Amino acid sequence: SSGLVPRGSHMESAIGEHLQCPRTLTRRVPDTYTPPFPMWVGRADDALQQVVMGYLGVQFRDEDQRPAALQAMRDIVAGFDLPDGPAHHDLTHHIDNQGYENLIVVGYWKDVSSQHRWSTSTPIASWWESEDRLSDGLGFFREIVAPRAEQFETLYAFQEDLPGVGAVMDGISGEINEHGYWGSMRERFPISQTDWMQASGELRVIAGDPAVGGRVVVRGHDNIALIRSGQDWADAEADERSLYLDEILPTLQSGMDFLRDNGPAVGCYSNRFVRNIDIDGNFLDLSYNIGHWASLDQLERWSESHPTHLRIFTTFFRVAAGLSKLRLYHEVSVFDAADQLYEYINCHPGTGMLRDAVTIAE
């Protein structure tokens, strides 16, 4: 039956038991398929219906704005302690291709109604709506997206202390079957059992004007995809730190720069390559991509063809056997139009979903 070390059809599935159904869209590997290295996925029971991933940002241009920016980031984080705040968060920094610095606090909620109560609560809404946000001279944004349980997948190359959305799930799976081949990401989405997750519609400005600053609201469209793909080398030994910093990162950086600067050509609305920071703005040894894509298909096409991702993909297969403390993972999600809110205050026109959004009158 099932051995000590299960293989093929005896291995666990990425798809939670309560979300399984007979596949009308079938897998691309035979029943005997057994991956060459272990990967695990986040588990949650049926109580997790729909999560919220809220990326809350503070943007600035000049050195003399850094104190005000850090103060604002700290105020956002303080707001997380209030009732209905997110169950997990982390803080990051990056400089965008227009030279603006961006601090982003990402929060994860286990329930949509909870996030909505938090956002509407007086302390939070008064801060977000305040005229102070305009007089601050800083840019702010909220890119808040809510995939149902069937609409996201996770993959971790480790088992303990899961970052991102894994932190708000119940626990970790055993070693899963649906990984190690192109097309496996799609297969890991429970909705993939029956649905092609095809994009339709257009990113559209529904309030304000990206070109002139002030307050701007962009509506998403069906099956925009969001990838968070991360690297953590903080506790690794010197040799694994070198593997990452010297052998992986320069190529990863090249690929991230490519998506950042060639987005419209490949279907990437926004690409950010961010470094974790502490509450004081100082760098930590963790990083990740935050990538918003016009479709899951376009993300698939890029990942399986661009030389940068192919090189690092192949490095991982090589070092997989010996990996001890270097931590790599991703989470990918798709969303209905109604389950996405992209709001900007005094951000430059290239920020996030402002860049490719169809203006209020085309």
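Numbers follow the displayed sequence, beginning with 1.
Greater mean Cα temperature factor according to the PDB record, 297-305 or 321-329: Comparing 321-329 with 297-305, the higher average CA B-factor belongs to 321-329.
Is the mean CA B factor in the deposited entry higher across 126-134 or across 270-278? Per the PDB record, 126-134.
For the CA B factor values reported in this entry, which option in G183, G180, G291, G171 has the top one? Of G183, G180, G291, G171, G171 has the highest C-alpha B-factor.
Looking at the C-alpha B-factor of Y33, is it in the lowest, middle or highest third of its chain? Its C-alpha B-factor belongs to the lowest third of this chain's values.
Within this chain, which third does the Cα B-factor at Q59 fall in: lowest, middle or highest? Its C-alpha B-factor belongs to the lowest third of this chain's values.
Cα B factor band for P22 (lowest, middle or highest third within the chain): Its C-alpha B-factor belongs to the highest third of this chain's values.
Cα B factor band for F283 (lowest, middle or highest third within the chain): According to the entry, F283 has a C-alpha B-factor in the chain's highest third.
Among the chain's modelled residues, which third holds the C-alpha B-factor of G230? Its C-alpha B-factor belongs to the lowest third of this chain's values.
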